[PDB]
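Reviewing the structure listed below.
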Amino acid sequence: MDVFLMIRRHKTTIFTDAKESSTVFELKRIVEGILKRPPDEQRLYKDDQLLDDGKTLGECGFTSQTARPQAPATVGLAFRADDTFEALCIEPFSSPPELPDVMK
Amino acid sequence: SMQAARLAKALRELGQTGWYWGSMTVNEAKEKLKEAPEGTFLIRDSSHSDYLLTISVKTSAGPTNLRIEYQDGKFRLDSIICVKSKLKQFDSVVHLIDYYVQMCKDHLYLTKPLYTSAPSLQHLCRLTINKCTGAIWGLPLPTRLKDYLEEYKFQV
Amino acid sequence: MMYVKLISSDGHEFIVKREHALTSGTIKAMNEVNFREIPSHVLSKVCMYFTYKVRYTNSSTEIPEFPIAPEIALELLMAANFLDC
Ligand SMILES: *CC(=O)Nc1cccc(CNC(=O)[C@H](Cc2ccc(OP(=O)(O)O)cc2)NC(=O)Cc2ccc(F)cc2)c1
């Protein structure tokens with residue numbers, strides 16, 4: 001069961017995929033190879049819920065039907081800051097302009 | 001005249017749909033549509049030399065098929081079946097399909113096409129824009145992109 | 001040669017599989033790319049298109065709908081044309 005994800009921190013968005021049977025830790029290993037911070041310096045979130053390293057992505061609620069290629073599920077990411085973690089902070093994408101009236 | 005220049009334009013449009021399956025047989029279309037939602041449809045070549053194309057569509061009772069004829073520069077649903085005088089004629093076969101899809105939204109029931117492959121992102125945007133308006137002329141787009149939209153004005 | 005970084009006009013960084021980014025002939029012609037005229041509400045959708053296109057090319061899986069909000073469709077059309085995808 002493939003799950004398609006956006007891992008998001010600040011203004012960084014990683015598009016990647018994994019399996020429902022993948023662990024949260026394995027996701028942190030993907031992030032480590034991209035952003036060069038080790039798993040112990042990462043916190044991953046589904047909405048505001050901290051994810052435990054040992055759980056599978058399916059156990060966290062990431063399912064193939066709700067994490068599709070054309071509509072990936074978001075995983076929040078926060079990094080170590082000194083002796084603690086930064087607060088989770090994901091910056092929104094830009095706002096679309098107003099539709100032409102002909103299109104509304 | 002068979003108006004081959006018009007036919008070529010219509011077949012180009014058909015090639016852009018992403019839901020034209022070419023040489024597919026009736027049996028192959030049945031297997032493809034067997035478990036699809038009601039109204040799921042595709043277009044393919046017809047086995048019958050008097051017709052150009054066939055619509056294959058899922059009904060509540062299973063897939064069914066309806067041929068399309070091309071005569072004198074016009075496409076029309078099969079008139080051996082449907083009463084001829086009440087059949088609209090079209091210059092474009094994608095227009096024919098789009099017309100019946102839109103009529104079903106407001107006994108051929110068409111909803112959504114079965115794609116052979118993923119369309120280009122440009123085409124997906126074109127579909128979205130067409131579902132919003134037909135007034136290409138006034139969109140805030142460069143002329144190049146208005147011409148692109150004009151090449152395929154259909155909502156399906 | 002595993003991921004590439006695509007940066008939107010408003011400074012969002014999208015890190016995507018290089019194989020998937022090559023869906024774009026324009027990206028394929030050119031590790032990081034800056035799109036001075038494509039904002040993040042457009043570029044994020046482009047990146048989902050890459051995932052969808054790779055997944056649903058030469059598959060036996062039924063091809064699902066690719067969702068595009070009317071409000072992004074015009075800029076996304078221009079992006080897709082510029083990107084040749
Ligand atoms: C005006 C209107 O709405 N007419 C209309 C709509 C829906 C259905 C029909 C009647 N259709 C049939 O009787 C078809 C005839 C048919 C059979 C096979 C093809 O494919 P081709 O030879 O490759 O062009 C075209 C038309 N009968 C069926 O579809 C029955 C059927 C179903 C599944 C199969 F695998 C085989 C046959 C009129």
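Throughout, protein chains are lettered first and strands after them, A, B, ... in sequence-line order, and every chain is numbered starting at 1. Remember, it's 1-based here, ligands and their atoms both numbered in the order they're listed. In what follows, every heavy atom counts, from backbone to side chain, and hydrogens, waters and symmetry copies are set aside.
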Part of B:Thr64 within contact of ligand 1 (heavy atoms, under 4.0 Å): both
Quick check on contacts: which atoms of ligand 1 are under 4.0 angstrom from a heavy atom of B:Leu66? 2 (C), 3 (O), 4 (N), 5 (C), 6 (C), 38 (C)
Just wondering, are more than 12 heavy atoms of other shown residues or ligands nearer than 6.0 Å to NZ in B:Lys112? no
Parallel, tilted or perpendicular: which describes the rings of C:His12 and A:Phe93, with under 30° parallel and over 60° perpendicular? perpendicular
If you measure from each non-hydrogen atom of B:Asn65 to ligand 1, which part falls under 4.0 Å: side chain, backbone, both or neither? both
Suppose I only count heavy atoms of B:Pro63 and a 4.0 Å limit; which atoms of ligand 1 are within that range? 32 (C), 33 (C)
Side chain to side chain, A:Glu32 and A:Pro39, heavy atoms closer than 4.5 Å: yes
Residue B:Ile81 vicinity, atoms of ligand 1 by number, heavy atom under 4.0 Å: 4 (N), 5 (C), 10 (C), 11 (N), 38 (C)
Going by an N to O cut-off under 4.0 Å, is there a salt bridge joining A:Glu86 and A:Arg9? yes
Would you say B:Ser46 and ligand 1 have an N/O pair spaced under 3.5 Å apart? yes
Below a 4.0 angstrom heavy-atom separation, can you tell me which part of B:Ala29, side chain or backbone, both or neither, approaches ligand 1? neither
Quick one: which ligand 1 atoms are inside 4.0 Å of a heavy atom on B:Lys30? 35 (F)
The atoms of ligand 1 lying under 4.0 Å from a heavy atom of B:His107, numbered in the order shown, are 3 (O)
Which of parallel (below 30°), tilted (30 to 60°) and perpendicular (above 60°) describes B:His95 and B:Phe90? perpendicular
Would a distance-only check, ignoring hydrogens and angles, find a side-chain to backbone donor-acceptor pair under 3.5 Å from A:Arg8 to A:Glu91? yes
Test item: B:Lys58 side-chain N/O and B:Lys34 main-chain N/O as donor-acceptor pair under 3.5 Å: yes
Check: B:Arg67 N/O within less than 3.5 Å of ligand 1 N/O: yes
Please indicate whether any nitrogen or oxygen in B:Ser47 is less than 3.5 Å from any nitrogen or oxygen in ligand 1. yes
How are the rings of B:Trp19 and B:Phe41 set to each other: parallel, tilted or perpendicular (split at 30° and 60°)? perpendicular
